[PDB]
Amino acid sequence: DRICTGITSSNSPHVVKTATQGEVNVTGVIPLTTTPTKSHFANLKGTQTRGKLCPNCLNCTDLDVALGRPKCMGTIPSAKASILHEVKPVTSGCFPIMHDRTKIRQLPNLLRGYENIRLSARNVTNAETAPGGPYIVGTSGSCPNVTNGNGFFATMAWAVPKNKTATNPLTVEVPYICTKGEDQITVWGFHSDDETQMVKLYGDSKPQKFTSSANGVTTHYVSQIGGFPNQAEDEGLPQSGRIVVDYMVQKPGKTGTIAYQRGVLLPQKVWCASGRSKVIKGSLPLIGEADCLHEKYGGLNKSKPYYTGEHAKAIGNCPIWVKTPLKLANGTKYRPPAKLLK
């Protein structure tokens, strides 16, 4: 009489990978993979999320807040997780900017990159005593106040010169100004207007040249006088003219240098930013919470160790991407049922 050892025969629909035996069939498997689905973004659990540079300086753009617009000036906190919702952000009024002639659009997206950001603790450069004639810090309607009046970006001073005269390039030397080992983001620009209005506000009616230097990087601009572009991302008709605006990143302890002429929107309130926040491209009504933010799939919480789908940047406690669905053999290699015995 025989008493033997044997293994089972069973339903083995799952196929697994094996180096020695090639692809084998198996009783059961524990899948390690999943294809998540596109859902909305949420609050990264262990850290803190952003998307609006400011919550309590409500009804604005991110860019508006970046530029230092009158009402859009809220004391804004930290994160260590940030969502990038507008790849090319827009302004919501104030004085008409010719956005596309500089890198200025991305200024919020740059700021977003830091943990700690702050409007200012002063303003860098005396707008009145600035090189070139004594200036009257121009202000403009088209940029209301808390009380109404005329506004001009806390960011920059609208240096309109009394003693109206043409000027050979003047140099300001925008100093560091900040606390700690923060960075400084200086913002500035130049106003230009039509032939007639140019002579009115400044004693010159020809293209004005502007050159900046910071961390070895030089930029050079030449103003436009006539036929400005069909006003957009503005409010209401100082349409005679426009502003070209640019930013300047000053690393800790370093000095910037703006050579300028007429229409110079000198810098004033300068950002100081520090730390590194983890940034990702998302969509921003941030509903509830997830474990891990995926650029595509979005708010998504970890179930299995690996995931299948579209690879993309993701932050937080994420499953790791994998080329193919992966299964862990939880059973026995398929054996046919046996009567091949005697």
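Start at 1 with the first residue shown and count on from there.
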Seminar exercise, completed: Averaging the C-alpha temperature factors as deposited, the higher value of 297-305 versus 48-56 falls on 48-56
Exercise. 207-215 versus 84-92: which one carries the higher mean Cα B factor per the record?
Worked result: 84-92
Seminar exercise, completed: Reading the B-factor column for Cα atoms of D246, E115, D194, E233, the highest value belongs to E233
Exercise. Out of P31, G28, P70, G316, which residue has the highest Cα temperature factor in the PDB record?
Worked result: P70
Seminar exercise, completed: By the entry's values, the third containing the CA B factor of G226 is the middle
Exercise. In terms of the CA temperature factor given in the entry, to which third of its chain does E128 belong: lowest, middle or highest?
Worked result: highest
Exercise. Should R242 be placed in the lowest, middle or highest third of its chain by the C-alpha B factor in the entry?
Worked result: middle
Exercise. Among the chain's modelled residues, which third holds the C-alpha B-factor of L340?
Worked result: highest
Exercise. In terms of the chain's CA B-factor thirds, is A290 lowest, middle or highest?
Worked result: highest
